[PDB]
Amino acid sequence: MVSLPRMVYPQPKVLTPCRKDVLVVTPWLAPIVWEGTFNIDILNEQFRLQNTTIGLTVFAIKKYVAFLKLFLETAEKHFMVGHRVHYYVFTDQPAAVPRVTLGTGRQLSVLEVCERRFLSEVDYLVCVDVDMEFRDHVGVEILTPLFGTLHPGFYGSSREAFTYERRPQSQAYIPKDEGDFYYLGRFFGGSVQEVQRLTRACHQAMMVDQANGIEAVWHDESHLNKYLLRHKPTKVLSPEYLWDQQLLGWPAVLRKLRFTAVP
Ligand SMILES: CCCCCCO[C@@H]1O[C@H](CO)[C@H](O)[C@H](O)[C@H]1O[C@@H]1O[C@@H](C)[C@@H](O)[C@@H](O)[C@@H]1O
Ligand SMILES: O=c1ccn([C@@H]2O[C@H](COP(=O)(O)OP(=O)(O)O)[C@@H](O)[C@H]2O)c(=O)[nH]1
Ligand SMILES: [Hg+2]
Ligand SMILES: [Hg+2]
Ligand SMILES: [Hg+2]
Ligand SMILES: [Hg+2]
């Protein structure tokens, strides 16, 4: 809405690609977020001027509650710093949630295990798993109506090799001649409306599958891939956003490892 203020930064170079080792835009013109493609100062200004609030949701059941401390502490250091953040921790052990110190303008809600609530409390929803830790910047550059994240183990793979559900009897079915990328089932998000739209579709498709006595090879991830194939994401995050250094090392194509699994 409102105008940006005067800002001093390097002029974009029309005749100089911002990364010549990777694809930075999809065939449907959605940017693929890699380090070096964005100026965070410009983006921070745009989103702060809109007083953007980001909801971060995580489920922590049973032994997984033990990962909450590191998850939240690192999120405090790297996730949407400077912006309004609302953490939503869904757990079966409310009293076991760690007492983590939060920066100003950030809050945490513990939900024991109300979709309308999201619509009134946050502008965007980011859905991830708890057994992870932030190691570098994860900010507003990811915000968009709907985004998926390139799976770290298959970003360089051909579609035939993707572990999509291959049985036609499943709602998540994707033939060998279809598919753009293999997205992570544990790092996606977008506007509340778009995220609820995706989860609602996934929930229904999985019910149809169980009624037909079939379970997708990679469960929710298989369905998320089917959804994003038919509903193109408006932004796609590079593997920088969900990496496993123990299993994959640190490739030259990765300038930053922002969010990683905890061994
Ligand atoms: C061919 C080499 C691929 C190496 C990555 C395998 O990752 C797993 O991929 C499947 C789909 O085929 C699922 O997405 C599964 O959750 C992935 O494993 C998990 O994520 C990877 C990155 C690693 O952190 C594993 O320890 C996790 O269990
Ligand atoms: O036997 C299992 C293993 C995992 N999960 C759930 O799946 C989520 C993600 O799984 P996992 O930790 O196995 O992820 P990965 O190793 O794929 O990173 C967890 O938060 C759990 O809620 C589960 O219900 N049963
Ligand atoms: Hg979510
Ligand atoms: Hg789906
Ligand atoms: Hg689902
Ligand atoms: Hg899904």
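Residues numbered from 1 in each chain as written, not as in the entry; some residues may be left out. Chains lettered and ligands numbered in written order. Heavy atoms only, no water.

### Considerations on unusual backbone geometry
Then comes step 1: One non-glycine residue with positive phi stands out, namely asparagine 51, at about 50°.
Then comes step 2: With respect to the secondary-structure elements, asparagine 51 resides in the loop between α1 (40-48) and β2 (53-60).
Then comes step 3: The phi angle at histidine 219 is positive, at roughly 45°, despite the residue not being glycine.
Then comes step 4: Within the secondary structure layout, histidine 219 lies in the loop between α4 (192-211) and α5 (220-230).
Then comes step 5: We classify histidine 219 as partly exposed; its relative accessible area is 38%. (Helix = DSSP H or I, 4+ residues; strand = E, 2+ residues; numbered from the N terminus. Buried < 20%, exposed > 50% of the residue type's maximum accessible area, 1.4 Å probe, protein only.)

### A word on the UniProt feature "active site" in the chain
Then comes step 1: Mapped onto this structure's residue numbering, the UniProt feature "active site" falls at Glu221.
Then comes step 2: Inspection of the secondary structure puts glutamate 221 in helix α5.
Then comes step 3: Apart from residues lying up to four places away in sequence, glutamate 221 is in contact with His151, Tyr182, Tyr183, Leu184 and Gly185.
Then comes step 4: Side chain to side chain, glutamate 221 and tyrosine 182 meet in a polar contact 2.6 Å long. (UniProt positions renumbered as here; feature names shortened; annotations may be inferred. Contact = heavy atoms within 4.5 Å. Polar contact = N/O pair within 3.5 Å; in protein donor to acceptor, adjacent residues only side chain to side chain.)

### Considering the sheet that holds strand β7 (residues 146-149)
Then comes step 1: One open sheet accounts for 8 strands, arranged β1-β9-β7-β8-β5-β2-β3-β4; its pairing is mixed. Where the open sheet ends on each side, the last strands, each with one partner, are β1 (32-33) and β4 (106-112).
Then comes step 2: As paired elements, β7 and strand β9 (residues 235-237) share 3 bridges and run parallel to each other. Bridge pairing in β9 places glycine 148 opposite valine 236.
Then comes step 3: Packing against the sheet, α4 makes contact with β5 (124-128), β7 and β8 (187-191), and its axis sits at approximately 130° to β8. (Pairing = 2+ DSSP bridges. Axes fitted to C-alpha atoms, helices over the stretch in contact; angles between N-to-C directions.)

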